[PDB]
Structure formats: structure tokens, C-alpha cells
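Okay, so we've got the same protein chain twice, two forms, each given alone as C-alpha cells, structure 1 and structure 2.
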Structure 1
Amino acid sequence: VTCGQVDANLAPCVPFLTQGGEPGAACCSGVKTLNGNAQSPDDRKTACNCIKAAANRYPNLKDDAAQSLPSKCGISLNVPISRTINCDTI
């Protein structure tokens, strides 16, 4: 797992994450790929810190969208999209 791959997986989600609505197919596919790469505990912690950087990057991140992304995409997301998550706890 690298932060560049994480950034790529999350790129189609930026509209949903910053404006609300629905994630859409491309966003959910990217998130599913990311989740499938964040399976081991170390992959999980690494992806988590990358995602934290991404969440802080996006202007006007909507916390409702970030919190709703897993259920809207149908995934048990192993790395929540959060600007503040303590990745040691993941």
C-alpha cells in the first residue's frame, strides 16, 4: 500500500466527499479496491494514515458523506475516511 495508490483509489470520491449526494459507481469501485488492499494490520495502518492525509487535503470535506460512504457503497470499510482518526487504534 502507498499513499499514491490510496489517492488514486479515492480520487473519484472527491465530488461526493466534498459536495454530498451519492458516491457513484467509480467511487465505490475505488474504495472497494482500497479496502481489499488494506487487509493485513500493517496495510490497514498504512492505508489509514494515507487516507487521513487525503481527507485533510480535500476542501470542505462533508463529514456526513465520509461517514455514509461505506453503507452507500455496501462495504465493511476497514479504514474509515476521517481527518482526525488515530490510526494506531486501527
Structure 2
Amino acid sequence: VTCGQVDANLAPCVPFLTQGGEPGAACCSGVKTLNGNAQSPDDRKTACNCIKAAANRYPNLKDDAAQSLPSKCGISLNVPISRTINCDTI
């Protein structure tokens, strides 16, 4: 819904998103929280663009790092996590 919740839930992933390894229970909990509260197509689009905004705030990260997040947390997302993602394909 709002990008503040996106950032708050993704905060515990910055250690994983900068240092790799296995994401802790906090980061996985945040990813699942974000996924659960983005239900309608407009919800998922808003969240996708909040994610792009955060990615531009952290523009020195690797996108292949964040793509391993859903598989390592359980979820199968509907978009590639890449800084170039066209969120309109949702």
C-alpha cells in the first residue's frame, strides 16, 4: 500500500542484500509480510514500484542477490526482482 511499509519490512534484508549468505528469520518474515499485504493488482504494482524506489536508494547492490530472496524464503514471486523491472507487466 505505502512505501513506508515496504521499506520497514525490507529493512532486515539489507544485511542479506549487501553481504549474501542466508537471510535471517527477520528478512524472510519481512518478505512474506510484504507479499501477504499486496493482494490486488494495484497493490502489487504499488509495492513493485516501492521496491524499485528502494533499489534506486541502494543502487550499488546486485540484483541477482535479491532474486535469490523468494526461493530462500519460500515464496514464488510474480516478478523478477531487478532494478529495471517494468512494474506495468503485472
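Here, a residue number simply tells you its place in the sequence of structure 1, counted from 1. Think of the rigid core as the biggest set of C-alphas that the two forms share within 1.5 Å after superposition.
With the core superposed, residue 43 shows a C-alpha displacement below 2 Å between the two structures. Taking the rigid core as fixed, one finds a CA shift for residue 14 smaller than 2 Å between the two structures. Once the cores line up, the CA of residue 68 ends up less than 2 angstroms apart between the two structures. The rigid core superposition between the two structures gives a CA shift for residue 28 of 0.4 Å. Relative displacement of the residue 84 Cα between the two structures on rigid core alignment is 1.3 Å. Relative to the superposed core, residue 59 moves its CA by 5.5 Å between the two structures.
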